[PDB]
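Single chain ahead, by itself, as structure tokens, in the form deposited in one PDB entry.
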């Protein structure tokens, strides 16, 4: 097969470029951003993803700068980066050599939905926990992903490892600095984003994660709608009409406009009868109008819904051990170090 050799910079550590050789290059995705390839490293035979985006030399690539800082088991790792040609002349392309993870939460959920089944709760627990760890980690650096959705949640079917991907919308959120309200994908947008707030926090990712949890439990999106109005109607049907203070906490200059007076639908009535009560309690605490009232990612990890993952006898349905779940760092725990007493169970990491 065709072998491509490049001089690429390691993603972490010292800027010491090395020759990287890869083969079996196939397109695995396309989008507004550019293209995503799968390749096999000639050396190790290990599969990698190559995200290729057009780069302007007027400014530094924001995604590259965020990726260079990150090293977590639930986040696709930046292995190398290099510059190349691709489809123009004077146009330079930035290439991100990342961990390759073969499946997505989107594809897995759709299999179950099409087969009229729900994903077993053990996988809902494993996937959601790993997502909350990835979020606790990036938020500890002040970084908000801003595009949390099932398509950006990669899965290894055999190990049950989940890796967050796509840092194309990610941004370090600084208090008092305004941010664009048009980030985040339909169905997963926090109500503050729908109301056009520019003063939002990292808690928008927590709302998005709650939408993913509810969807994995329901078999379909909890807040669908092709417009913000329809999305808000779906939110109001479950949460009840937001109070004037709740509206003020989301977007201050939107208190005058009115919505239909709907009484709060009991959360137990939202989900099928055999839904674990702890799964419902987690949703209600993630899916809050007031951004400051939502659980933080680290607190969501410590929630009772994830107690089975902390059991020394837990195994995957395929008989394998669960993946790494307790290798917390000081960085990851920084928002609330006492939580480590729940997070790292007695049997873990000796």
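Residue numbers count along the first chain shown, from 1. Heads up, when I say rigid core I mean the largest set of C-alphas that superpose within 1.5 Å between the two forms. Shifts are known only where both forms have a C-alpha.
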query: Residue 86: gap in at least one third of other compared structures; finding: yes
query: 25 to 33 or 289 to 297, whichever carries the higher mean Cα B-factor; finding: 25 to 33
query: Of 9 to 17 and 326 to 334, the one with larger mean CA B-factor; finding: 9 to 17
query: Given 74, 202, 169, 246, the residue at which the Cα B factor reaches its maximum; finding: 246
query: Top Cα B factor in the deposited entry, candidates 121, 183, 92, 155; finding: 92
query: Record-listed C-alpha B factor of residue 207: chain third; finding: lowest
query: Chain third (lowest, middle, highest) by recorded CA B-factor, residue given as residue 56; finding: highest
query: Among modelled residues of the same chain, the CA temperature factor third for residue 233; finding: middle
query: Third assignment of residue 240 from its chain's C-alpha B-factors; finding: highest
query: Position of residue 48 among the chain's modelled residues by C-alpha B-factor, lowest, middle or highest third; finding: lowest
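Only in words, not in the display: the form deposited in another entry, which the text now covers.
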{"query": "Only residue that shifts (Cα, 2 Å or more, rigid core superposed) between this form and the one not shown, among 175, 111, 272, 258", "finding": "258"}
{"query": "Shift of residue 304 between this form and the one not shown at or above 2 Å (CA, core fit)", "finding": "no"}
{"query": "Rigid core superposition, residue 56 Cα moves 2 angstroms or more between this form and the one not shown", "finding": "yes"}
{"query": "Change in CA distance between residue 60 and residue 173 in the other form, which is 3 Å or more, as closer or farther", "finding": "closer"}
{"query": "Note on residue 18-residue 58 C-alpha separation in the other form, which departs from the shown form by 3 angstroms or more", "finding": "farther"}
{"query": "Residue ranges moving between this form and the one not shown (criterion: at least three consecutive CA positions shifted 2 angstroms or more, core aligned)", "finding": "55 to 61, 88 to 90, 256 to 260"}
